[PDB]
Structure formats: structure tokens, C-alpha cells
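Heads up, what comes next is one protein chain in two forms, each shown on its own as C-alpha cells, labelled structure 1 and structure 2.
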Structure 1
């Protein structure tokens, strides 16, 4: 449960394709560098402040310590130098003055880059973490000064263009930068990015922006509260400057002319007229209470400016979002070009600090050979038992019938949309079309709905469903029409999934008024699965050898609360295959600690899923394939430490000695590796993306470990994110080819569409489950209550309610 397995071999399957990766080769010297630990009192100050302190420090003490040695600083307690310092390691305390600080400089170690060169070969067997860290600190020293660091990215005011979002917000552009070891050479991962920022404008113009004013006046009216309430919500927590900066903690109720503070008591507009000799042009407008809520101070809006690129955590409005989308949307070629020209303009080789450490960065994207894996054949049923052949990640169901289609005899229709908008004629025609498409697909809706009744409000949901369950024997499904976005949906799912155990299929009103064969088809894809039907299976003879023995496939995912929240739970979801196809899955879901990635209650979930697998197949899995979504590198060791063991436990407590082999695969969809077609005649579609099946396990992958990029999806828009798969454990000793082919084929078993999805079907179902859980908890966000809300009905346990 400790070390990830070494890469067994390289993939051989599929035709080759010339690709370019946004990785940039790094020439690293084979010389020692020097680590130094720093201590700065006080330490409660921000990272950038510490950077400033160290900069001033290096400047001042050039003649007795530093001097022509150009150190790098990680913003905390680490400083690296190329050539050594006058250190014994006799610790020297320095006193620094910043427009008042005590600094401790003590030597720690000599980071060997030669050992890193060894490790990159197979000559060392482990990759030195601290060394990679050092190189990273070096690469991001200068841009941490010149730009605004956000995570591993840097953003800045666009050179004379602007991109306003409204509300005092504008688009800032920038780039993610990272240092990664690879099979070949150190790599600088660079990718273009963009995000929202508050314009460094006067607070007055911010008010104009926020309250939709053309300009103040209209008016000199000391606002409403709708103005005061909204403006206060917008500016609170944001920094404002006058030389002196402050954090806005409140907005006064009284105008500057009247707002009073104890000096005897005095008013703001008067105090600024006496001590500061200024006369307010806009006195009627309120004041900003800055600093501590505790105590007082009050600054007029007219003498305050926003600061200096403050990332705007708050959520973007619908219109702002639309603007951002419109601004940052680009095709794969356009993305590629933007990244390239970014790397040209950046000119890393002239950076004095990377120059100090003898580091070279190639200004060209790395050339890498990919392999385009062959898609599996999708076997259908009915009389024909037709075979669909995925072409560029896509196929369809025309003239195909479900492998096992559910015969719908008893069903109901509940419309919560106003009858004026959704008429019985609309329902009738929609029903006719649906019955036709469903008949074609092999899912015969053989009757008219035994029930059809309009209703309104969430309060009407439970009684209506309770009637339906009690009135119609053998009721298979209730189709619910909804008037757009409504709190009724979450309710329907609450009653259906957790309260009554009834199959419900919702459809927006607009998709009833105007039906199309495609929409209806996909809808049937959902309905059939929801009623226990097998849409289609992988061609049994086209599957990898692993299927010769009974094997279970587990999807696993954790979904965390949105940015800003601090009390909502994280949600764990684990699904498990219930046949040899593999097609049917069952779900398990838990609530757990806020922002905990490690699946706390995993063993129980795996036990449930194994039990259900046995009851479904009468087989005990000899192999457990575990697709774990969302775990970053920095968390691998832990997660595998807890989760892998949790699986073993789950087996151990089930039967001794039941020890099926475990393959633990971390799925990463969200990273900064982008692959582009080298040949223009290879780009697919309008977005010009790499074709589905594109597999990369060389050159840019891990120097010693079992990992691979596999873009399994047809890129419709923008630049495809190739899913990265990292194998943390593998008792079954998969070869690269078998595991990659298996993953790719699994990407074709996703029931909700006749396409090849970007991640394996089980992990996707895991996502859907976690999200449905989040739906059951809406407005319900101690432990026992949330857990209760998240627990499905006994008749829903063994279904695919999440489809």
C-alpha cells in the first residue's frame, strides 16, 4: 500500500499520430544548489510581503552576504542559491527596513541536480521531491513579483486592451506554469488562462458600475438602501487605497456630511475639511468603514480607489459569465498558437534568476507521438442484434434496438407546468412521438398513461406520487414535465428517490412543446436504464482478456462545496458494475467532512457493492478495478494509503481469505496538459481537436510510474482535455495496452448517450450520484440528518436512479 507500480511496458496498439504538447524541455545543470531556511518576525504577514522583505534584504546586504549571487525565494521559509553563501552553517540574524523586520538565514542542504538527472533516467529509482520543488521556486520567482499569483498561475492587466465584465469587473489574462519530471527531460508546463478581476478604478466609478449608473448625479441623492444594500454586498471585503491600503469591512448608513465619529464628536465631511483641507464633491454618498469592524474609521468614496488586481472570488453573474466565455473561447489551433506566442513573448531564458541557475527553456512545444486506439463495437439487441461502429467518438441508434429493452405497460404523466403553456394537445403529441421513437428503440410504451393530471407547487408533489404508488399496480414510471428551472425538481427527486422509491423522468416544458427524434432518443436512453434495461453492451469477443474471470468495476468520486462555503459537507460517491458486460451499475453515496477528499466510509460502500455484485451475478470478483476521480498528485500517497486498504478491509470482513487483485487508477480530467495535432489534416471538426482514442504514454509521462493520457472523447468545442490516468497500485499486473484499451472501451459503456465520453463510465456515474446527492441536500446544508437526506429508498438502492 506504499509505492505505485513501475511502468510495465509501453503501449503498442493503434495507429500513430503526430502531436504537440504544451510542455517545454528544460536544460538543468548537473551542479549542486543551496537550500537556506528563512525566519521572518512577524510571520503573520502575507506571502508577497515576505517576498518584498527578502528582495529589500538581498539589495541591502549585497556587500557582506549576497552580492552578484541571485537567490530565489518561495515566499515563506525557503531561499535557494546557485553558488554558496558565507554561511557555516553559522546562522546570521539580519535587521531589515521596509517602507522593522528580523530575518534568520541558516543553511539546510545542498540540493543535487545530478541525482535528479539520475532519477529521470532509471538510474535513481525515486524522484527527489525537494529538488523539483527547488526548480519550481526558481521558475516562479520573478513572475511572482511582476505578476499576480493565483494558485500555480499568474495573471496581469492586459497590455492596452481592456475586457470589462461590468459591475466593476474585467477579464485578466495569464498563464499556468509548472515544473514536471518526465520520461525525457524536465518539462515546463505552460498554458494560457483567464479570470475575473476588480478594476483598479475609483470607488465612485465602482458605484456607477455596480448600481448601473451612467454617472453619479443622477444623482446627489444619498441613495436608497437598495443601492446601499447592493453596493455594500459588492464592495465588502475588498481592498481600497487612498499610500495607505485598507480592507472594506462595512458601508455606513449615514452620508459623509452627517456620519459622526468621536474625535468630542465630529462628522466625516467636516474632518476631511479641517485636518485634510478637502471639500467633498459627493458628501451625500455614504462612507466606507475600513479595517477592524471593531473600533472606527470612515473613508469617503471619493478619496478611495480599488486595489491592484484583487481576484474576485464571488460568483460571476449570468451576463458576466457569458462575456467571459465569449472572451476566452478558442479552438485547439487558436489555443495552441496563443500558448506558443505566450512562450515566445515570455522569454524565460533572459530571466536573470533562471539565468543564475543555468537553466535553459526550449521555446517550442514538445513533439510527442500518440496512438489512436481502435473503438470497440457496440452490440445491440432485438431481432437484428445490430452492431454499431463508433466513428470519431460518435455513433447513433437509428435502426438499432436496445440489448434488453424494458416493456412499459404502466406509466403516468405529471405536469407541473401551467396548463395554458403546456396543453393536453402538447402532451398528446409528445406522447405519440415518444411512443414511436421508443418503439423503434425496442422499448415499447404499449399503452396510454393510466394517469394524467396537472399540478402546481412543490407541495403537490408528495401527495400526487403517494396516490400514484397506491392506485396503479405495477407502476413502472412517472414522467414529470417541469416549467424550466424550479424547486419542484429537487422535490420530485426527493420523494421519488428517497421517500417513495418511484422511477421518475423529468423533462422541460420546451422539450415537450417541440420534440426532435434525437432528444427523444436520448430521453429513451435514460428511461430504459431507469426501468432496468440494458441499452447496449460491448462486443463480448472484442473485450480485453480481463473479462475471462469475474471482475468488478468501481467508479469513485468526491464533490466539494462551492468556493466560499464553509459548512457544507463533501460528498463521496462509489458505483459498482453489476454484470459482465459491463453495463448495469449500482450506487453508494455518503456525506463526509467539509473538503475532505479521502473517502471516509469507503470500506462500507465497497462491501455493499460486492454483496450486490454477488447477488446479481452469483460470482465473486477475482479482480477489482477502481477508477478514482479527482485526486491530485500531492494527495496520492495518502488516498491510496486509506482507500486501497479500505478496499482490502471490505474484502477481508466479507470472507477469509477473499483477496481479489486490486487495480487502483486515479483519473485526472482537470490538469494543464494539452495535446494538439501537428498535421493540419489530422485535426477533427471545427474546433480542430485530436481524434477520440488518442493515447500518449511517452515522453511527457512519468519517468518511472504507470501513467497515460487518453483523450477518449470527440472534441466538440474549444480544446479537449485529455484525461490523465495514473496507476497507484496494480495487483493484476496489467500491461499498458490492456489497461488503456480497457479504459477506452469503458468510455463507451456510458448509457446516457451514443458517444464516447471523456472519462470511464463508472467514474461518470460516480459524478452523477454525488450530484444527485447534492440535490437531495438542497437548503438542508447534524451528520445523521444530512446522511438521512442522502439515503435512497430501499427500492431505489439497486436501480440506476442517477441516469
Structure 2
């Protein structure tokens, strides 16, 4: 129900000086006056609401607002630094821009002293924090295009396909111990370019020029996908709901004449009669707007400016976006500073009105660089790897338990013309040598090596292979770029036949490298039930003194959402079992969690003959505004699973939410602490003192090495803890769990269970309502291992 208080502060690791993009706010102890607004019509966009309020304030300055400067949340909430001479009866006003009836009303008083008190125990008024947020973002909301908690403006920076890059910034008011903090970060997102729809068609369908004939059923579907749901404007604004199958010259709608009789009239004829316009491109289809019979010719419409792209970016579009937005930690820090200078909060008329001051310097924070765990390998010398800067390798090292592979097949879906027999021979030869060094000895040539084309030849090939070659362990599949055969390989391999398969690009077969092959063996060994490595047993937190299961949960959204929950099946912890469910479209709560947890607990017991005394639950993809809902349903669900298992089974539950999607950045104060070209904080720096929750149990942990851009320190918030973790042990625990990810010899940004859950859900996507839950269900033998690696 209620998150536990922070148990302690923790002292492990060497200290490091840091700066965070949190700027201290000096806030008065005055009272804020909260006014509610009823404005009619009530379905207007927040910007129109803001202009109405804006003109309402000036227009009624003499009798109502005077010199006061009210702030407005865009909807119903207006705040003033001093009370309006209206409290507390009904005041109805009329506002003209085009006429609106605005009534205004004092709801309560926001005590800022009651905010100061919460910042030091007194265990936090969400409404007071919200009031300040409204104050800080009133001015930028008028000047920029607000997107969620961010602001953007047009800069000229194309992504292609009518998409554009707008630069801007995130801004939010956050609580911490003793102080309100202003979180400020640079940002950039995809927007649709403001242009005639005709040109939008060209960029979408790859036309240098529109100049022609009606679109094929192929072109129209692609175009319909892009423009659907977008706003257009007449050269009045409309919402595009569909693209007509027919051209404007033939697309009809019922038109009532003066006789009263309704006749079908073409869009072209109407625009000719009514608007004196002979359609220049009558062969093109129309935009259907409003709801079901308004049709608009493409040539009279423009894509409305200020529309953010929500739909999935192409691989090239995102890359360009990654590129134009990626930059080192020192670079990012300087631009946050510049934004602070340009924002100039201490001269903003509205924060001045509310007597607020914002410190110009980033908050100084002492971080702690946790010691990485030793990594134990096997083979001849049972070598121990020491992670350096979040990275180690397997030179002179062999798998903890390597799988001696004797039977395997190759299925090349790359053309023999490009992936010739000498490539395969060379590829096989190099692969076996590396596997030999890795302690996963591939013995003997492949028992089978063939060519095939199309996703439709996978199963008959796979049935063949299973029946004929006894003890068949692995099928290495070779693919040419992006193609739907990969999805079919996984479906047949994971769900119906239950065979371990390892896909690999054609180019990685033609030109092989020792590092690529080594990484390939990492996935192969674990998919055959092997153990690449384990955490050094004696170098583990006290939680491993009793049987314990680690859970990773995550739900991915697109039609249906996909919930995935993984669970550790040994005490290392190394091997994980996967549970997955299709569920309601865009529902964050894992509906069938109890059943999923039950399955995992059963599997844990069948593998270790132990029942875990502790359940450590890492939950990814949850925002702070949802913390009480997921905790309510999911903690109860986990608890329901244990009770349903056995009446008196009551293991301690630790519920932790992991967040990568936030805007707190940590920068090295000392240049000597900067790592690599990107100049990021080292792997393992932990923060839980100055920018964290005033009362609750939360911390930042950057467990990964920053390769490019600015690192995102993962945030962890303990929603529940029966197990009474200290700060140090938990922080050390999650950090060590980040070293158990099998796909690479690197510490990753989130603990392996959380990461695995993401992979499981992503794999479920390739697996494609009774049917949806069955096309996602996995084969019996496959479930015994980590197929999703």
C-alpha cells in the first residue's frame, strides 16, 4: 500500500564528485491561491484555453486581476500569488477572441510552508508540487510547443518521409531532501514537416516530383498509414481518418439540392461548382476527414505544423535521429547550462510574481563508485575476470559449463550466388576455432548444410532435420538483411518443434571477426543450456544465504500489449525461465501476473528442489504516477501466487521499479574521472543523497559504461520490501545482477532479469484472442532454457 522509508544511506564504493541537472529552487513560505475555471465550450485544446485566459486577464484587469499575474495549467486550474477579490462566490465572465463563457473559482489555498515541512520527514502534497510546476511552465507554454513535460520549437533537419527534428528541452519540478529541484535537460523529438500534402505524398512514396496516374493498391496503403490520424488544413483544420480508394474525379458524396432530393456528387465537381476550382490532380485520392461524408483533395491540404511523430521510425530515420542528437557528457552539460542562461528563470515575470528563485549552478552531489563483482569462468584454469570500466573479455578464459556440441545443421537463406560454399567452409572453420577457445567445443563438421529461400520453407526443413538427425542440438540460420523469415524461424524453433536456433546475417558470414564469433558463441552456449559464467560465489550479498528467486517484469506496447515475466532458476543466478501473455492494448498493469508468478515458482522448485524464501521483483516501464496502481494489483498478485501454491507459504517480497526513461543526468566534476571519448561517469557510480526522494527508498545506479552520447543512470524505487534491505546491499545486488547478462561480457544498464523480460516480449512480437495467447505460447523443451537470448 505504502512504500517503505529509506532504511539508511549506504557507504560502499569510493566517493566521486558529481553534478546533476537539478537546479535548486528557493521557494517562499507564502500561500498560493488555487482557482478553478469552467469555460464553455469545454473541449477546446489547451492552447486556445491559454489564449482565452490570457485575454481574460488583461480585459478584466480593472475589476478582477489588477497587477496580479495568474498562471494557468491550460485546462481548469489557475493560480495567483495573491487572492482575487472574488472569493468566494460565482463569477461568470465572457471572453472574446470566438466567444467563450468563462467562470472562475477559488478551490483552496496551497500552503508552501506545508511543502517545506514535507521536505523533512512529515511523511508530500502532490498538489503543491503541481502548483509550482504550473508556475514554472506557464511562460514556456505560451512561447513553445509543449509536448508532455517538454517544450519544442522549429529550428532544415530532415529525417525523410515528411518527418523532421525539433530541438527543445524537458522541464519538471521535483522534490528532494530539504529542497525543491528544477530538473532541466536538453531534448529532441520527431515532428512532421509543415508542408502541402502533395509533397508529403512524394516524400512518403519516394517521388522526386508528383508528376501521372492513380496510385496502386500498394502506394495508397503506405500513404494511408502515414497520414492517418494527422491534422490537415485547407488552403480550417481537420483530422484525417482515412484515404479514399477512389480518385477525386470519381469519389462521391450525397449532396442535397434545393428540391430536397439528395444526389451523389463527385469531389471534383463540387470543388468546381462551389469553389471555382478545377482539380489539378483529379487522379489522386481524397482525405476523409471528420467522421462518416467529408472528403478533401490532397492539393488543397497542408500538414498542420507542430505535430509530433508518434508512429514507429524507420531504421534509417532513427539512426539519423540518434546521430543528430547524440553528444558527449561534457557537451550535453554545456548545453543545459546555455539553456539555463536563455531560460533566465530569475527574470521570468511569473516565477518573480510567485517569489521563486532558481539557482544557476547544477547541484553538487557526491556519488559512490561501487566495486564490480568478480566473474568466475570454467574450463581448464577456472579463470576469474575482473570487470574494468564496466567491461571484461574472454581471452584465456572458457565457459563455466560449456556445451560440447556434436550435432548441428546449417540453413542458408542467403543466395548461393552471394553466400558461396567457400564462405560457409571459412565461416564454419573460424567459428569452431573460436568455440574451441571459448570452452564450448564444436566437434565435427555440420551434419547438414543446405540452401533455401523464403520464410515458407522453414518448417518442412525443420521437421525434416528433427526426425533425421538424432540428438540435433542447434540450427544456424543465415539471413540477408531484414526479412520475415527470421520471424518464421523463431516461431517454428521456439513454439512448435522446440529446437534451438541461432540466426546470423549474411555479411557476418562473408567477413568474420573473432569478436563477433565470440559474441555469437555466448548466445549459443546459453541456448543449449550451458553456463557462460557466474558471479564469484563468495563475492555475493547476504541475500544468497537462503534460496531466492529474481523476477524481471516488463510490458511492451505497439494491437495487444505484451506482458513478460522471467525468473531465475538457479542460485548463481544464471538461467532464467520465461512467461509471456498477450493482454489489453496499452494496459500497463500485468493482468495475469499471479498465474505467471505461479508457473515460475513451480519451475524454480523443480530445478532446485527449494522454495524461495525471498522474491526480488524488478519491474520495468512504470512511471511515478502509476506507482500505487501497479503496486496494488501486482504485489497482491505475487502474494496471491504464493498462497495459491501452498497455504502457509509466505516468502519476503521486494518490489523494485526500474526506470531508464527519465531526465536526470550525472556529470563528472573532476575531468580525471571522465571515461572514454564520451566522457561519462564510470560504470557503477551510485547516487542516493541529494536528488533522490526526501523520505522513500530510491537511488540512481549507472551500472554501464558510456560508449556514446550521455549515459542514462537507471533509477530504482523500492515500492515494497519485506526483506529489510539496507541501502548498500540492495545497491550492490542490482549492480551485480547487471553483470549476469549473457549476451555480452559487459555490465548492462539494467539488471539481467529486467533486460530478459524485454527480450521475451520482443520475441513474442515476432511470434505474432484465444489465438493470440496460443501463437505466443512456447514449446515444452524450449521452456527449459533461455531461447530469447
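Numbering follows the first chain given and starts at 1. Superpose the two forms; the largest set of C-alphas matching within 1.5 Å is the rigid core.
The comparison between structure 1 and structure 2, aligned on the rigid core, picks out a single residue among 620, 467, 230, 117 whose CA moves by 2 Å or more, and that residue is 230. Core-superposed comparison between structure 1 and structure 2: CA of residue 733 displaced by less than 2 Å. Core-aligned CA deviation for residue 600 between structure 1 and structure 2: less than 2 Å.
With the core held fixed, the Cα of residue 273 is displaced between structure 1 and structure 2 by 2 Å or more.
Look at residue 173: with the core superposed, its C-alpha moves 1.5 Å between structure 1 and structure 2. With the core fitted, the CA of residue 257 sits 12.3 Å away from its counterpart between structure 1 and structure 2. Core-aligned Cα shift between structure 1 and structure 2 at residue 311: this is 2.9 Å.
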